[PDB]
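Undergrad: Residue numbers (the numbering used here), protein chains in the order written: chain H, 1 to 301; chain C, 1 to 126; chain W, 1 to 63.
Just so it is clear, CB atoms sit at the ideal spot from N, CA and C, and this is done for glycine as well.
Attaching a single structure in structure tokens format; questions to follow.
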């Protein structure tokens, strides 16, 4: 009861014995006395499908964005910057392109200048090395410095290129009378980087696709009562996105950044002028027989 | 509960058993049968919940003394402590602690209550 | 006798207490504070209820 959270591990089947993937236990918000309740923040599971430990910028495809959620006043909790699902959008697809970021000390030794093209294994500091090859740019912060370099092929338009107009945008693969373009089977992000006041470069970077499935809501997870009592608990499944459109994730050392996490929502449906349903009290009830036991949350109002 | 049953059947009983037995019966059973009637009140937002565990109540030894209760015009009473937490449906938490509901006056050896430095007695009704 | 009168007074005090906690829980959300359970219950109802009982009820008389 040290923390108000419990991890229920889901056992894996015997069909996977080559990948040692960690089973993301269902994380539930449990009370100190283990007596939780419905109509509150239910259990959540961090899906490993869209979890990456490399810093990446994600952009969602253009769609209908009608925010059906008014602004909620911020409630400070000991100045703890927890992860809040500020973008609960039914996004069909998005493109995330990785990048390499180094947050070196302000007084640390830097060997690479800003906006300098460096290859792999470029020692930017005394004990800091590289992982890819790109044009790394360095910016000085209040107490540190940041070096950023996203893997991309460099190019310069020469009297025949039509890619100058598209800047910092991801374009899907196009096959329309391409008599000179080959191996363009994947979407590429074109960025117009200002190398100099009179010379600019174009960076074509690989992009990784990420889609979302259809959420199934259990609106009939209870039996029809014979006492004509309305069930005030409705359980639904949804997805929570860490970053919004065109947002770059910051990754700490040995830290896996998650893009989408499964969430469970408990809501209510109360009639008018019949009964003002306020809340209910729940606990865990058990019953065992025939070498099998039943485990479910018993919620009575 | 029952004391020696042959009281009033073999000797003249003490002229206090009415008030004394009434107060003891109250302390023993009325507290339980009234705390259970306390509801499970809460908010309409499905966000908070209040609970009062019933089989945890107890009283505390009075702070002041009867002589000092009548000396400073105070009220001889004992504090009622019931263990019960508060449930928040925001992180699904329940903070459990023992609270002080209030103060209840106590009878002395005379069968009376000392309220505001005044001896008071309760008259039976038919 | 004293038992039934005290039981009724305690019932009235508990009703007053639950009304007070209802008001507090109405005011415990709009102020965005996480209070300990003791902050939701004050010893106003029981004390004042018993003082009013022993001061106004015609069945409680000075010795």
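If contact is defined by three or more beta carbon pairs under 8 Å, each pair taking one atom from either stretch, is the segment 73 to 82 of chain C in contact with the segment 14 to 26 of chain C?
TA: Segments in contact, no.
Undergrad: Would a check of beta-carbon distances place residue 217/H closer than 7 Å to chain C?
TA: Taking the first chain and counting its residues from 1, the one referred to as residue 217/H is at position 217. It does not; no Cβ of chain C falls within 7 Å.
Undergrad: Determine the contact status of residue 168/H and residue 149/H, defining contact as a CB-CB distance below 7 Å.
TA: On the first chain, residue 168/H is found 168 positions in, with the first residue counted as 1. On the first chain, residue 149/H is found 149 positions in, with the first residue counted as 1. No, Cβ-Cβ distance for residue 168/H and residue 149/H is not below 7 Å.
Undergrad: If you draw a straight line from the alpha carbon of residue 236/H to that of residue 219/H, how long is it in whole angstroms?
TA: Here the question's residue 236/H lines up with position 236 in the first chain. Here the question's residue 219/H lines up with position 219 in the first chain. If you take the alpha carbons of residue 236/H and residue 219/H, they lie about 7 Å apart.
Undergrad: Smallest Cα separation from residue 78/H: which of 55/W, 48/W and 33/W?
TA: On the first chain, position 78 is the one that residue 78/H refers to. Checking every option, the nearest Cα to that of residue 78/H belongs to 33/W.
Undergrad: Using a Cβ-Cβ cut-off of 8 Å (strictly less than) and excluding sequence neighbours within five positions of residue 127/C, which residues of its own chain qualify?
TA: This structure leaves residue 127/C out entirely; chain C is present only between 1 and 126.
Undergrad: Pairing CB atoms from the segment 112 to 129 of chain H with CB atoms from the segment 226 to 246 of chain H, are three or more of them under 8 Å?
TA: Taking 8 Å as the limit for Cβ pairs, the verdict is that the segment 226 to 246 of chain H does not touch the segment 112 to 129 of chain H.
Undergrad: Quick one, which residues of the segment 61 to 90 of chain H are near chain C if we go by CB-CB under 8 Å, in chain order?
TA: The segment 61 to 90 of chain H vs chain C, Cβ under 8 Å: nothing.
Undergrad: Taking its Cβ as the centre, do 16 or more other Cβ atoms sit within 10 Å of residue 30/C, making it buried, or is it exposed?
TA: Locating residue 30/C in the second chain gives position 30, where the first residue counts as 1. By the neighbour-count rule (16 or more Cβ atoms within 10 Å), residue 30/C is buried.
Undergrad: Got a sec? Which residues, its chain only, sit under 8 Å from residue 61/C by beta carbon, not counting five neighbours each side?
TA: Here residue 61/C is taken as the residue at index 61 of the second chain, counted from 1. Cβ neighbours of residue 61/C beyond the five flanking positions: 78.
Undergrad: For the putative contact between residue 299/H and residue 282/H, defined by C-beta atoms under 8 Å, what is the C-beta separation to the nearest angstrom?
TA: Looking up residue 299/H in the first chain gives position 299. Looking up residue 282/H in the first chain gives position 282. Correct: roughly 4 Å between the Cβ atoms.
Undergrad: Is it the case that the Cβ atoms of residue 58/W and residue 13/W are separated by a distance below 7 Å?
TA: Locating residue 58/W in the third chain gives position 58, where the first residue counts as 1. Locating residue 13/W in the third chain gives position 13, where the first residue counts as 1. Going by C-beta atoms, residue 58/W is not nearer than 7 Å to residue 13/W.
Undergrad: Hey, quick one: how far does the beta strand (DSSP E) through residue 47/W stretch, first residue to last?
TA: One-based indexing of the third chain puts residue 47/W at position 47. Residue 47/W -> not in any beta strand (DSSP E); alpha helix (DSSP H) instead, spanning 45 to 56.
Undergrad: Our contact map puts residue 188/H next to residue 208/H with C-beta atoms below 8 Å; I'd like the distance itself, whole angstroms only.
TA: Sequence index remark: in the first chain, residue 188/H carries index 188 (1-based). Sequence index remark: in the first chain, residue 208/H carries index 208 (1-based). Between residue 208/H and residue 188/H the Cβ distance is about 12 Å, and since that is not below 8 Å, they are no contact.
Undergrad: By Cβ distance, which residues of its chain are closer than 6 Å to residue 85/H, with the 5 residues on each side in sequence left out?
TA: The count along the first chain starts at 1 and reaches residue 85/H at position 85. Excluding residues within five positions, the ones whose Cβ falls inside 6 Å are 240.
Undergrad: Go through the segment 10 to 85 of chain H residue by residue and report every complete run of the alpha helix (DSSP H) that reaches 4 residues or more, in order.
TA: Segments of the alpha helix (DSSP H) lying fully in the segment 10 to 85 of chain H: there are none.
Undergrad: Helix, strand or coil for residue 158/H? Go by DSSP, reduced to three states.
TA: Looking up residue 158/H in the first chain gives position 158. Correct three-state label for residue 158/H: coil.
Undergrad: Strictly below 8 Å CB to CB, what residues from chain C border residue 20/W?
TA: As a working note, residue 20/W is residue 20 in the third chain. Correct list: empty, because the minimum Cβ distance to chain C is about 11 Å.
Undergrad: Hey, would you say residue 136/H sits closer than 7 Å to residue 126/H, going by beta carbons?
TA: Here residue 136/H is taken as the residue at index 136 of the first chain, counted from 1. Here residue 126/H is taken as the residue at index 126 of the first chain, counted from 1. In this structure, residue 126/H does not lie closer than 7 Å to residue 136/H by Cβ.
Undergrad: How should residue 107/C be labelled, buried or exposed, when 16 other C-beta atoms within 10 angstroms of its C-beta is the threshold for buried?
TA: As a working note, residue 107/C is residue 107 in the second chain. Buried is the call here.
Undergrad: Can the beta-carbon of residue 103/C be found less than 7 Å from the beta-carbon of residue 42/W?
TA: Within the second chain, the letter at position 103 stands for residue 103/C. Within the third chain, the letter at position 42 stands for residue 42/W. No. Outside cutoff.
Undergrad: Does DSSP put residue 22/W in a helix, in a strand, or in coil?
TA: For the purposes of this step, residue 22/W is taken as the residue at position 22 of the third chain. Residue 22/W falls in the helix class under three-state DSSP.
Undergrad: By the criterion of Cβ-Cβ separation under 9 Å, what are the contact partners of residue 41/H in chain C?
TA: As a first step, residue 41/H is located in the first chain; it is residue number 41 there, counting from the start. Here the neighbours are 89, 90, 91 and 92.
Undergrad: What first and last residue would you give for the alpha helix (DSSP H) that runs through residue 68/C?
TA: Position 68 of the second chain holds residue 68/C. That run of the alpha helix (DSSP H) goes 66 to 71.
Undergrad: Does the CB of residue 58/C have a neighbour CB from chain W at under 7 Å?
TA: Taking the first residue of the second chain as 1, we reach residue 58/C at position 58. Judged by the 7 Å Cβ criterion, residue 58/C is not in contact with chain W.
Undergrad: Taking one C-beta from the segment 64 to 71 of chain H and one from the segment 31 to 46 of chain H each time, how about it: are there three or more such pairs within less than 8 Å?
TA: Contact fails: fewer than three Cβ-Cβ distances are below 8 Å.
Undergrad: Take residue 58/C as the anchor and find which of 37/C, 101/C and 20/C has the nearest alpha-carbon.
TA: As a first step, residue 58/C must be located in the second chain, where it is residue number 58. That would be 101/C, whose Cα lies nearest to the Cα of residue 58/C.
Undergrad: Measuring alpha carbon to alpha carbon, tell me which of 117/H, 140/H, 81/H and 202/H ends up nearest residue 108/H.
TA: Within the first chain, residue 108/H is the residue found at index 108, counting from 1. The option with the nearest alpha carbon to residue 108/H is 140/H.
Undergrad: Mind checking residue 71/C: buried by the 16 CB within 10 Å criterion, or exposed?
TA: Residue mapping note: residue 71/C aligns to position 71 of the second chain, counting from 1. It counts as exposed.
Undergrad: Considering only their Cβ atoms, is the gap separating residue 58/H from residue 94/H smaller than 7 Å?
TA: Indexing the first chain from 1 puts residue 94/H at position 94. Indexing the first chain from 1 puts residue 58/H at position 58. Cβ distance < 7 Å, so residue 94/H and residue 58/H count as in contact.
Undergrad: So is residue 19/C buried or exposed if we call it buried at 16+ other beta carbons inside 10 Å?
TA: Reading the second chain from its first residue, position 19 is the one you call residue 19/C. Classification of residue 19/C: buried, given that the 10 Å Cβ count is 16 or more.
Undergrad: At a CB distance below 9 Å, what residues from the segment 69 to 86 of chain C approach chain W? Give them in sequence order.
TA: Within the segment 69 to 86 of chain C, the qualifying residues are 75, 77, 79, 80, 84, 85 and 86.
Undergrad: Determine the DSSP secondary structure at residue 110/H, reduced to helix, strand or coil.
TA: Here residue 110/H corresponds to residue number 110 of the first chain, with the count starting at 1. Here residue 110/H sits in coil by DSSP.
Undergrad: From the beta carbon of residue 11/W, is the nearest beta carbon of chain C less than 7 Å away?
TA: Taking the first residue of the third chain as position 1, residue 11/W is located at position 11. Yes, its Cβ sits closer than 7 Å to a Cβ of chain C.
Undergrad: According to DSSP, is residue 42/C helix, strand or coil?
TA: Working through the second chain from its first residue, we reach residue 42/C at position 42. Of the three classes helix, strand and coil, the one that applies to residue 42/C here is strand, per DSSP.
Undergrad: Which chain W residues are close to residue 39/C, counting only those with a beta carbon under 7 Å from its beta carbon?
TA: Sequence index remark: in the second chain, residue 39/C carries index 39 (1-based). Near residue 39/C (Cβ distances below 7 Å), the residues of chain W are 18.
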